[PDB]
Amino acid sequence: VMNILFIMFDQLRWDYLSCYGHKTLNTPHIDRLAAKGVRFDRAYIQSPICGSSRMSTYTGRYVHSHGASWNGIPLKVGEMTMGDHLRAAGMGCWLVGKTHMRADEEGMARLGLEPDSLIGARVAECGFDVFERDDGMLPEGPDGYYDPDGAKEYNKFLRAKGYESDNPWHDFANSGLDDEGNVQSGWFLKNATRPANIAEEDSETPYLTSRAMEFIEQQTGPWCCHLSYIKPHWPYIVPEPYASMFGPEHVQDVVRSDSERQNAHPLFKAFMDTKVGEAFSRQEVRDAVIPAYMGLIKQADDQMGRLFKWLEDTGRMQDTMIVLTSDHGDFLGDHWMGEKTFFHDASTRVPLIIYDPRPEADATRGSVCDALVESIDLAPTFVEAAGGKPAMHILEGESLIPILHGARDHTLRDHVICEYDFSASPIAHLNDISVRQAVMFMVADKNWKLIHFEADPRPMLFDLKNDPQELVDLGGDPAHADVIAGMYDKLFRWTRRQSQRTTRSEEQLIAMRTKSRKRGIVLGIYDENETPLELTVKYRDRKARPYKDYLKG
Amino acid sequence: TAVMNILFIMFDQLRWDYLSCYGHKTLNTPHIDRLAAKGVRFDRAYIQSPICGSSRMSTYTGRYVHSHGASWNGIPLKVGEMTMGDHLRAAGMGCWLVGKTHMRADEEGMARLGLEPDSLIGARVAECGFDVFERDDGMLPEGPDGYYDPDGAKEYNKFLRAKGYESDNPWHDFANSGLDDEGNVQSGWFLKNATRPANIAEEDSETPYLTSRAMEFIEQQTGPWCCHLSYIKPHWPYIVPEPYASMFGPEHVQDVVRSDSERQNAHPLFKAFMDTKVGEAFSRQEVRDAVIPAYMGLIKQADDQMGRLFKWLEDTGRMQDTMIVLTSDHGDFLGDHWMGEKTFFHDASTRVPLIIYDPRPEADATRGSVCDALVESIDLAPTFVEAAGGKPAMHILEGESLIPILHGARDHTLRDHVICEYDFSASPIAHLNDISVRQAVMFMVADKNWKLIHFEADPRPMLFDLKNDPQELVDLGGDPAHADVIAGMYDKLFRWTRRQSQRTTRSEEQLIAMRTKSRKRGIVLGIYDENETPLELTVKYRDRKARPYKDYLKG
Ligand SMILES: [Zn+2]
Ligand SMILES: [Zn+2]
């Protein structure tokens, strides 16, 4: 039986792995996975924020199709998920870590789905059976917890080892400590320079790695395990030795220009003119945060070394497909922005490495695929991997198995799509854009990236071949009107897709074309000679009496 | 306050121009005209797909076919798509069916969610949200591969057999067949037999029968109800009892709307719909001569039964408590535009009659008026929710409430265009023309001035100038002088395809409230030190004490 180990890191940039070219951050264990598999050089997520990116990946569907369009927007009860597609192919689907799922409680109540039943618990958890659900943080303020269940098992783990605090996740894993015993919260970016006040083996990435091994040891039958880490997502703080390993001298140059800010499209400027944008535009903030970010990733690589060594030693490596990816990047000050909520590659292009242990993937080991790839491709890839037939009237991406197995070196699509709905975001609050206007679309191929705003008639446009850093907006350039028209055609073609026709497969639709004519539907037939007599056997040669004769009783 | 009841009356395959209040010159429909005189008549109402199943699924969900996915006859409406019944029950009003829906249960989706067909919830999901007084999609065809719909006319056949009628298919032999002088059944499935009177007592035929069931339903009710009274006539078989069978002839039939140039210059996909057996059939004089008088006769019978129904409502004091809606799921070409049936976008199919009577005082001001604003069949669901006293969920429902028009707040809708869609990937015409599932789709966008038709199977659109060519005879889709108008209409279509119709788990109100929620729940971003944000936001993070981690560790 082949198993699938679906590994994801939150907020990990494509260019912060050495196999993707980082100059000072060496990630040999992840690089080694790539050397025995395929590295995807052009992989894009479908929304630049945790919740909606993940919901797209777990459904294999675009945000425009599934409707879970921002953090905390529930995925509706009707939408089937990865776990559903895999279980129909005989493979279990399990969670170790983060999903950012919010149950559609209203929808469940409407259909009488109980959250404590097998079917109900799965719907509430985005199709996963849960080994451990942890979205990876326990923030709190005057109105309470962002997520009361954050770090629930992790805090029990720390308290059992002897840590004591009314928030051990905060005080140890995500804060430093000064000489006088004062907790230095990792929520303050200046404290990113401090080592986390925790034994390194007890911090979050090593913890979740141990949990993955515990799951794998226990689980029989074919399984898919979504191993889903919160780091390098904030708080940006890491234990020794990773804390001391990097400094500002190791940070790659920020990618931005004065002209870019001067000539910023009004909606682009809006995302720069935020607390986070202005913060990460400051040298002292990048000097503190980015070496910590790097340390988090180096720690991840060491834990992948640990995990992969264990799969090898226990003989599981030859029967486990491994996928390694991210839900989105982090601008880290690039383009005068912080966080991730815009369309430049620094956020929307993600690392993606796939290792298929089977001999049919031998021909492509160590190769680099430069074809247009979307995160929604993972679901049909997994179904095919599990020996199933991907239901392509529901799943909108494409299986990557033909690429892995050397049947072709490219996908079939001619463009990728990303979407961002900021109707629920603090930023629409400030610029008071209407809910209906607070949305943007991205369409890109190898040559161009077009950004459409519903709140502004002018698009943004980047020449990806000659401006790969995406610093020069050509959206207002008359010389590019034809190119802009062409990309808009691509976006329009995509919006017209029939993504909601999920209740009949293409084969079933074709079969319906000839069914009714033999079931008595007779149209445009004047007399019995105008259609085959076989079709009207139920209608001809019949006898009856005048109706009055049946009624005179 | 809200109306107590909603009577939602629909006829299948009824044309907008075959009511005398919409201008028909020989077919007098005084009872329906009288209702129009008491209410508002909508002169520009369009359905969202030109075939029974998907038109109805759109109306019952308040959503476009592109949104709900039940895109042709027999394609199940997925579980989880909410229906009119759900919205109305949320507003405290029951929602009941008497007649046709063409609903097909999403059996796989129900199985997946553990939904049982016999539970209250499961039975409602299976029936498109309606509680069922009587489900009858209105016909019992049968061929060598069996019945199209085995449960067609199920209770109706029992009714007829109870009266003494005897047949293995009473619906066919009596209600939808004639009889010659030697006792030979003349099937209404052959159009030549449209000229024959149906071999059945008039009071026992389908439209009076269903009208009687509707009165049975209503008299059994205590408490607020919406009743979908859903007639199959004047949909085929085209045959009717006396006296309707004899009251019209070819001398009463309005001229066919078509031209030789229309045919000569037809777009290849337009031509494909002409080049069918039904198109060819209704292009023949003898066929229209037989069928259209029977079609008229069926409508005249429907008018007489509305008279009966409305008189009963008045006499029992229900007229004061009952909103009445009368409409159609689509028209019938009857040979117009060289086509039969209904599956294309000309007004003869896509524009439907729509009359709404609101008995409340606030609609007194608009009685007898005609509203020429762009209206869609998906407008009914939010209209009903608001009439029932609820707040329509406009993050789910895609149309607009017509209540402001009825109550005289404005005389127009807000939309700048209408949409109609036709997915023929499952249809005979796709087999006949070898069109792929992916390319067997067409879109219609129209306003008061223009109608644009987009085909996925051909790069050239069709375009009609509705203002100067209201009969839609002249295709301007290839005319270079209309390039800008075509671009402009495509912009309207593109705007509509970008709509966020699937974000149904959060309302506008909830999305707005979400904007500030995380701020006081510990999400602190871009903050360098405690002086860069208000102190209360970081109260759980500041001034805390701990020991070096080594000190906690032992064992
Ligand atoms: Zn994330
Ligand atoms: Zn119909």
# chains A, B, ... in the order shown; residues from 1 in each chain; ligands from 1
>>> residues_near_ligand(ligand="ligand 2", cutoff="9 Å", atoms="only C-alpha atoms and all ligand atoms", output="PyMOL selection string")
chain B and resi 11-14+50-53+55-56+102+232+235+328-331+342
>>> write_last_selection(atoms="N, CA, C and O atoms", output="JSON list (two decimals), in the first residue's frame")
[["chain", "number", "residue", "atom", "x", "y", "z"],
["B", 11, "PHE", "N", -47.82, 28.04, -14.88],
["B", 11, "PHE", "CA", -48.22, 27.17, -15.99],
["B", 11, "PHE", "C", -46.97, 26.79, -16.78],
["B", 11, "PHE", "O", -46.06, 27.60, -16.92],
["B", 12, "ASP", "N", -46.90, 25.56, -17.26],
["B", 12, "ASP", "CA", -45.72, 25.12, -18.01],
["B", 12, "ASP", "C", -45.89, 25.45, -19.48],
["B", 12, "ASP", "O", -46.90, 25.12, -20.07],
["B", 13, "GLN", "N", -44.89, 26.12, -20.05],
["B", 13, "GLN", "CA", -44.81, 26.34, -21.50],
["B", 13, "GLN", "C", -45.81, 27.40, -21.99],
["B", 13, "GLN", "O", -46.17, 27.44, -23.17],
["B", 14, "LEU", "N", -46.24, 28.28, -21.08],
["B", 14, "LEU", "CA", -47.13, 29.39, -21.43],
["B", 14, "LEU", "C", -46.37, 30.62, -21.95],
["B", 14, "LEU", "O", -45.49, 31.13, -21.26],
["B", 50, "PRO", "N", -33.95, 28.33, -20.75],
["B", 50, "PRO", "CA", -35.14, 28.05, -21.58],
["B", 50, "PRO", "C", -35.54, 26.57, -21.66],
["B", 50, "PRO", "O", -35.81, 26.05, -22.75],
["B", 51, "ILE", "N", -35.56, 25.89, -20.52],
["B", 51, "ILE", "CA", -36.08, 24.53, -20.46],
["B", 51, "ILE", "C", -36.59, 24.26, -19.05],
["B", 51, "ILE", "O", -36.10, 24.86, -18.09],
["B", 52, "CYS", "N", -37.60, 23.38, -18.93],
["B", 52, "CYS", "CA", -38.32, 23.16, -17.68],
["B", 52, "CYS", "C", -37.44, 23.07, -16.44],
["B", 52, "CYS", "O", -37.58, 23.86, -15.51],
["B", 53, "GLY", "N", -36.56, 22.07, -16.43],
["B", 53, "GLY", "CA", -35.85, 21.70, -15.22],
["B", 53, "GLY", "C", -34.99, 22.81, -14.66],
["B", 53, "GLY", "O", -35.11, 23.17, -13.48],
["B", 55, "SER", "N", -34.93, 26.04, -15.58],
["B", 55, "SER", "CA", -35.72, 27.25, -15.30],
["B", 55, "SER", "C", -36.32, 27.16, -13.91],
["B", 55, "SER", "O", -36.24, 28.10, -13.11],
["B", 56, "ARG", "N", -36.93, 26.01, -13.62],
["B", 56, "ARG", "CA", -37.58, 25.83, -12.33],
["B", 56, "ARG", "C", -36.58, 25.82, -11.17],
["B", 56, "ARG", "O", -36.82, 26.43, -10.13],
["B", 102, "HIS", "N", -40.26, 19.14, -11.53],
["B", 102, "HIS", "CA", -39.18, 18.52, -12.31],
["B", 102, "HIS", "C", -37.92, 18.34, -11.46],
["B", 102, "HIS", "O", -36.82, 18.20, -11.99],
["B", 232, "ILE", "N", -49.30, 21.60, -15.51],
["B", 232, "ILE", "CA", -48.51, 21.16, -16.66],
["B", 232, "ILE", "C", -49.00, 21.81, -17.96],
["B", 232, "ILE", "O", -48.20, 22.22, -18.78],
["B", 235, "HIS", "N", -48.28, 22.88, -21.72],
["B", 235, "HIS", "CA", -47.23, 21.97, -22.19],
["B", 235, "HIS", "C", -47.90, 20.76, -22.85],
["B", 235, "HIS", "O", -49.04, 20.44, -22.54],
["B", 328, "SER", "N", -45.01, 31.69, -15.66],
["B", 328, "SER", "CA", -44.69, 30.57, -16.54],
["B", 328, "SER", "C", -43.22, 30.16, -16.39],
["B", 328, "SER", "O", -42.41, 30.98, -15.98],
["B", 329, "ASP", "N", -42.86, 28.92, -16.71],
["B", 329, "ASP", "CA", -41.44, 28.57, -16.61],
["B", 329, "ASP", "C", -40.65, 28.86, -17.89],
["B", 329, "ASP", "O", -39.41, 28.86, -17.86],
["B", 330, "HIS", "N", -41.37, 29.12, -18.99],
["B", 330, "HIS", "CA", -40.83, 29.49, -20.31],
["B", 330, "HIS", "C", -41.97, 29.45, -21.32],
["B", 330, "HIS", "O", -43.02, 28.88, -21.03],
["B", 331, "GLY", "N", -41.74, 29.99, -22.51],
["B", 331, "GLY", "CA", -42.74, 29.94, -23.58],
["B", 331, "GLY", "C", -42.61, 28.74, -24.51],
["B", 331, "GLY", "O", -42.22, 27.65, -24.09],
["B", 342, "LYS", "N", -38.71, 25.12, -27.15],
["B", 342, "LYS", "CA", -38.45, 26.36, -26.44],
["B", 342, "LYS", "C", -36.98, 26.67, -26.17],
["B", 342, "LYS", "O", -36.67, 27.69, -25.56]]
>>> residues_near_ligand(ligand="ligand 1", cutoff="10 Å", atoms="only C-alpha atoms and all ligand atoms", output="ChimeraX atom specification")
/A:8-12,48-54,71,98-100,135,229-234,326-330,339-340
>>> closest_residue(among="A:521, A:395, A:108, A:25", to="chain B", atoms="only C-alpha atoms")
A:521
>>> atom_distance(atom1="CA of residue 486 (chain A)", atom2="CA of residue 453 (chain A)")
16.6 Å
>>> select_by_dssp(residues="region 34-136 of chain A", states="alpha helix (DSSP H)", output="NGL selection string")
:A and (34-35 or 50-59 or 63-66 or 82-87 or 105-111 or 118-124)
>>> closest_residue(among="A:539, A:405, A:201, A:44", to="residue 371 (chain A)", atoms="only C-alpha atoms")
A:44
>>> residues_around(residues="residue 463 (chain B)", least_positions_apart="5", cutoff="7 Å", atoms="only C-alpha atoms", output="PyMOL selection string")
chain B and resi 451-453+475-477
>>> closest_residue(among="A:497, A:122, A:110, A:538", to="residue 497 (chain B)", atoms="only C-alpha atoms")
A:497
>>> residues_around(residues="residue 244 (chain A)", least_positions_apart="6", cutoff="9 Å", atoms="only C-alpha atoms", output="number ranges by chain")
A: 193-195, 291-292, 295
